[PDB]
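Working notes, beginning with the structure itself.
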Amino acid sequence: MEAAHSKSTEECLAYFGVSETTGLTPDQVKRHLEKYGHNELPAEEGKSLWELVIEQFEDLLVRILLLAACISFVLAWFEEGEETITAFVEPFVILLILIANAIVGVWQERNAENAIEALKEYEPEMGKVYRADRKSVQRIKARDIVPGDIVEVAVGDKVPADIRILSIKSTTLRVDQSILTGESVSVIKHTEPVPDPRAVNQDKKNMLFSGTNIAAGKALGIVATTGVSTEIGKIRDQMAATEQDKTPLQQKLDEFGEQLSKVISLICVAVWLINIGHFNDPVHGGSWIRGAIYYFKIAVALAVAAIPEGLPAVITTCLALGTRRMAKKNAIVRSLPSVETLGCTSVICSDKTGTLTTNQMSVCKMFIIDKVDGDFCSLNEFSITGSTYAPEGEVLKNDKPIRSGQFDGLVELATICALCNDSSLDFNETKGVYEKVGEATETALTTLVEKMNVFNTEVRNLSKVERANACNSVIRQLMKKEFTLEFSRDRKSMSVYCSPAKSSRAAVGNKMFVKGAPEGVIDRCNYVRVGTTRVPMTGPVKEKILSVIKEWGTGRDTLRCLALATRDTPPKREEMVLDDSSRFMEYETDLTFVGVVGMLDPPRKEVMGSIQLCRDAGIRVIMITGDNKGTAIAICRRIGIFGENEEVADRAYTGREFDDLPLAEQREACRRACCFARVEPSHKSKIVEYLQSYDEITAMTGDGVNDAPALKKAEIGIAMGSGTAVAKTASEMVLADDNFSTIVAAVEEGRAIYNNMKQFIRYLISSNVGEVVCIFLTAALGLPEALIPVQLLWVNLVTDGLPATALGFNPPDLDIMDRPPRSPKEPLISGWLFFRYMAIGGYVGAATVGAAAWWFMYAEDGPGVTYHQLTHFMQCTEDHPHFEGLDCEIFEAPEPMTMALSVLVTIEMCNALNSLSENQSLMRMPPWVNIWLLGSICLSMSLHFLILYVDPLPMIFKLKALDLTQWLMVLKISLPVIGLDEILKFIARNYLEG
Ligand SMILES: CCCCCCCCCCCCCCCCCC(=O)OC[C@H](COP(=O)([O-])OCC[N+](C)(C)C)OC(=O)CCCCCCCCCCCCCCCCC
Ligand SMILES: CCCCCCCCCCCCCCCCCC(=O)OC[C@H](COP(=O)([O-])OCC[N+](C)(C)C)OC(=O)CCCCCCCCCCCCCCCCC
Ligand SMILES: Nc1ncnc2c1ncn2[C@@H]1O[C@H](COP(=O)(O)OP(=O)(O)O)[C@@H](O)[C@H]1O
Ligand code: ALF
Ligand SMILES: [Ca+2]
Ligand SMILES: [Ca+2]
Ligand SMILES: [Mg+2]
Ligand SMILES: [Mg+2]
């Protein structure tokens, strides 16, 4: 239906041929699904992986090498005849390291996308509908919604299709349609038609748009359009503009990437400038301009060598890996910074009901007044069996199954429960189990009244679907519901205004049925009901009422309590103004106390363990709830937030007690207290805000719309998969599992991703610095060139490639979740760690020149033996005073340069073995802890052996094969780097701080 906003409610119903309270017939649905198709959009896929591949070449550090390959290709036309084959291999050595890392990056990205799509599609989205099929509202898959059926929506829900609003059940209906219209604040909805058929979505104040959220209230509507015809569907098939952005740590590493790029660039020109006296040498033979091309070529090669190619890829890989690992644990990562931020988390704030607890509610205890005699007050307590939402159970009084209709107080208690209710119960035929519709608290009431057969309705001859709401429907026929004062968290109650059916109870008049937090409700009671009689509320009566609440609340069942009351003489219907909900409390005053229900809601089994694990990692857990302080404290003990016997006067507050504190004291109570109770949505974010003012990284966890503001304020917000769409929207991560443990797992992965980056930087800095100090040491000592441009590129390809990237697959350290969280103030590279880099770098540079010097000097079987004449090698042409009588060209020998290249490769493969952990010993964290690294090392080590022995290769790379005694020298000089960092790890672990 186009322009349904322009048509009236009557016109839309007649348009599809639907009774408002009935909905579509099964035949009407069959035809509509055939006519309109399913309520869904064309699925997203991942065929060609180019947008992926192209992104793989977008960073600065990668495009620097991309430029270097072009210069090497343009300079190939400048090469003449002789050594042409050597010049054309150069760009393929630069380009091969870039492709190898791109393959890993793209591969890891696809796996992450698939794991995400496997988790997002897993649980089908549901909708509430009225269909001729059933008397009560029924749950169906959102895709099975057709234009025509009557759909029901309420606070927290996601609007499933484009709806023409027919009836607003609350005093107001507010909607979060920022995803569409752009407007931040919730917008008020009405039922009046908007004449303009060309009016923009903002003006369609009587429509609900698919994929938006009910911020407030409850509504009945008729479906205008579904599928691709939806207002949000038109901009999904075309306007697929991404919300992509790089994380804080990504930007921190990219900032660090440019920092190195400049430093390398400076010590790169510092090679071309310290070798100006070689532009005219017998080695090249060329002119002053020709020799400058060669040392420019050394520079560009040293740049490529020093520049971390893998850095941009490895972080993106580690992030994609993190998203995949979370998807395996059933956690939807909505924002990329999620995992890395949870690594920093020092305080996890958490709502109780439905988050720390299962939200599987059932009334197991209730009471009404029995007898009031002056100073004496006694209660009629009762017990109820069944823990699920099944209308299967018994009402027990002194262990005996009783007829609820017997007690007049229970008749009224059931009446309130049934009438003052925005929820129902629906039987899932497929699963074979009764499922809640709306709020858990309220549905526990629904199933309570079905168990209480107050008017002795015949139920045993009804189908499972009919049995779900039978006795509730009976009560609904007794009183007409005029309107409801919705549940508000300032009041912590809800009210229903009812007139009689005009049959039996007709003689009396109007009533208001009230349900809420016992504290507030009982205070607004001036009377208590005894059977059908009424007596004044007194001190002794109130004290008795409250004492049993406290009993059930702080007991071992830690019951969630709710008081029930009626306004025997409500205000005139025309003397109540419904525009402002701040007036609702006064309409719910002069009440008569009827009774109290206590409902069990068991804590999630994984919660106690997770909190202890959080404690080990130095993370605090804070319960923030609107429920009673007593029960809240009792539950905190059950989940380990407080000890069983710990004193909590300093550490537990109500919202009122909190507000009574000066602002400075409130702030302080946040770093002290672990339980906040009878709180508000404003309080939850305020607590998070106070936590953040001590520069703590804070998480919020919740299910309810009351949690959305705090979830938005926290560094990372975690929603329950079984919670509201509103809370999911406010969040960076959804636990579709509802597994609280996944939060702790996400904390471990966030620390792992950071530590893997640290060891990646450890390896690339300490290694590449050594390659630089190798070239500078030869110039500083006056020794012949240790490497050529092509040889530098090979060192790069074989050391900076997969061996570096495989570090991103390191396992977590053995004490990763036993150390307090990392400070935000903490810099990327520690002062001690920057010395660590220079100590390893200095050694690998001195070892490379030392091995080349060894060949010229001590190497007996290796040709050319000299003493202290390497320093002055540019002399034998003009002046040979102490020269033995050997060749005056043995300084151009490939053998010492092959030793240098060989050591530089081998020592860095050894240096990679150090980068499994920061401070932990190599014996304690063995090399076989990362098999991916060992596979990469052996691939580099094998590839290096190919370049030496396969006939055309040593000629192209200007090398000569080593002796089995010369390889032992490489091993004798490289292996000690394991021991060197081992001493440095011993100092950092034992002497400094572990
Ligand atoms: C003119 C042409 C010149 C020819 C010269 C070409 C020589 C280059 C040789 C090989 C290129 C290397 C590409 C390897 C990319 C691997 C991508 C990948 O699977 O990543 C996920 C893999 C698998 O990780 P995962 O995360 O999916 O595994 C899950 C398990 N946990 C959770 C425990 C991690 O991760 C790797 O990136 C880790 C790094 C190790 C590298 C693996 C290589 C194995 C070693 C040798 C085999 C290479 C032969 C194959 C040749 C292919 C040629 C195209
Ligand atoms: C061009 C040739 C360069 C020659 C320069 C001569 C430098 C001297 C060389 C060796 C002597 C070593 C002794 C110095 C160590 C004392 C410094 C110190 O206090 O360190 C600990 C401090 C302590 O750091 P912290 O405050 O984080 O403390 C951590 C300590 N724990 C872990 C115990 C808590 O580390 C500093 O942060 C290091 C200074 C950062 C400098 C930035 C590095 C830039 C790198 C290269 C730039 C190139 C420079 C070119 C110079 C051009 C000049 C115009
Ligand atoms: N639908 C409802 N009608 C009346 N009272 C309610 C309803 N839902 C909850 N309450 C009461 O209001 C209190 C505050 O609710 P809320 O702020 O959501 O905290 P929580 O549900 O976590 O206790 C609850 O503890 C409960 O006693
Ligand atoms: F479920 Al709560 F405060 F504990 F919203
Ligand atoms: Ca490099
Ligand atoms: Ca290197
Ligand atoms: Mg909750
Ligand atoms: Mg709640």
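Heads up: the sequence shown at position 644 corresponds to 644 in PDB author numbering, and the numbers run straight through without jumps. Backbone N, C-alpha and C define an ideal beta-carbon position, used for all residues, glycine too.
{"Asked": "Return helix, strand or coil for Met-1, following the three-state DSSP convention.", "Found": "coil"}
{"Asked": "What number of angstroms, rounded off, separates the C-alpha of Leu-66 from the C-alpha of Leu-95?", "Found": "7 Å"}
{"Asked": "Could you spell out the range, first to last residue, of the alpha helix (DSSP H) harbouring residue 1006?", "Found": "Because the chain in this structure spans residues 1 to 994, residue 1006 falls outside the shown range and cannot be described."}
{"Asked": "Along the alpha helix (DSSP H) that carries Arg-615, what are the first and last residues, could you check?", "Found": "607-616"}
{"Asked": "Give the single residue among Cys-674, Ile-549, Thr-212 whose Cα lies nearest to the Cα of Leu-379.", "Found": "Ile-549"}
{"Asked": "Tell me which same chain residues have a C-beta within less than 7 Å of the C-beta of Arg-325, skipping the five on either side of it?", "Found": "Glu-749"}
{"Asked": "Go ahead and label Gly-277 buried or exposed: buried means 16 or more other beta carbons lie within 10 angstroms of its beta carbon, across all protein chains shown.", "Found": "exposed"}
{"Asked": "Could you spell out the range, first to last residue, of the beta strand (DSSP E) harbouring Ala-219?", "Found": "218-225"}
{"Asked": "May I ask you to report which of helix, strand or coil DSSP gives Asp-408?", "Found": "helix"}
{"Asked": "Given a cut-off of 8 Å on the beta-carbon distance, is the pair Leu-52 and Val-106 in contact?", "Found": "yes"}
{"Asked": "So, using beta-carbon positions, are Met-479 and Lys-502 closer together than 8 Å?", "Found": "no"}
{"Asked": "Check this for me: beta carbons of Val-18 and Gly-148, under 8 Å apart or not?", "Found": "yes"}
{"Asked": "Are the beta-carbon atoms belonging to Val-798 and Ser-940 less than 8 Å from one another?", "Found": "yes"}
{"Asked": "Classify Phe-407: buried if its beta carbon has 16 or more other beta carbons within 10 angstroms, exposed otherwise.", "Found": "buried"}
{"Asked": "For the region 350-367 against the region 384-391, do three or more pairs of beta-carbon atoms, one drawn from each stretch, fall closer than 8 Å, so that the two count as touching?", "Found": "yes"}
{"Asked": "The alpha helix (DSSP H) with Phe-835 in it runs from where to where?", "Found": "831-856"}
{"Asked": "CA-CA distance, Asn-461 and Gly-393?", "Found": "17 Å"}
{"Asked": "For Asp-351 versus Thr-22, is the C-beta distance shorter than 8 Å?", "Found": "no"}
{"Asked": "Tell me whether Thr-443, by its Cβ, gets closer than 7 Å to a heavy atom of ligand 4.", "Found": "no"}
{"Asked": "Return the residue from the list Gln-477, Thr-729, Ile-622, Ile-188 that minimises the CA-CA distance to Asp-579.", "Found": "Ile-188"}
{"Asked": "Bridge partners for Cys-675 per DSSP, in chain order?", "Found": "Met-623, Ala-652"}
{"Asked": "Just the C-alpha distance for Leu-964 and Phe-256, rounded to the nearest angstrom, thanks.", "Found": "42 Å"}
{"Asked": "Only counting the same chain, and skipping five residues up and downstream in sequence, which positions put a Cβ closer than 6 Å to that of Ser-72?", "Found": "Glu-90, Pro-91"}
{"Asked": "Cβ of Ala-961 within 7 Å of any heavy atom in ligand 5?", "Found": "no"}
{"Asked": "Do the region 737-749 and the region 222-242 make contact, defined as three or more Cβ pairs closer than 8 Å?", "Found": "no"}
{"Asked": "Name the two residues that bound the continuous alpha helix (DSSP H) containing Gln-259.", "Found": "248-272"}
{"Asked": "For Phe-376, which option in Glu-543, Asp-557, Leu-448, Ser-229 has the closest C-alpha, if you only look at C-alpha atoms?", "Found": "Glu-543"}
{"Asked": "What are the complete beta strand (DSSP E) segments, minimum 3 residues, inside the region 479-546?", "Found": "479-488, 493-500, 511-516, 525-530, 533-536"}
{"Asked": "Between which two residues does the beta strand (DSSP E) holding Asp-162 run?", "Found": "162-168"}
{"Asked": "Give the single residue among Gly-845, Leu-792, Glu-918 whose Cα lies nearest to the Cα of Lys-958.", "Found": "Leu-792"}
{"Asked": "Mind checking whether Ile-416 and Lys-515 have CB atoms under 8 Å apart?", "Found": "yes"}
{"Asked": "Indicate whether the contact test is met: 3 or more Cβ pairs, each with one atom in the region 662-682 and one in the region 300-311, closer than 8 Å.", "Found": "no"}
{"Asked": "Could you tell me which residues DSSP puts in a beta bridge with residue 1008?", "Found": "With the chain represented from 1 up to 994, any question about residue 1008 goes unanswered, as that position is not in the structure."}
{"Asked": "In terms of DSSP beta bridges, what is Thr-447 paired with?", "Found": "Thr-447 pairs with nothing; no bridge assigned."}
{"Asked": "In angstroms with no decimal places, state the Cα-to-Cα distance between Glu-878 and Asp-861.", "Found": "29 Å"}
{"Asked": "Is it buried or exposed for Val-449, if we count other Cβ within 10 angstroms and need 16 for buried?", "Found": "buried"}
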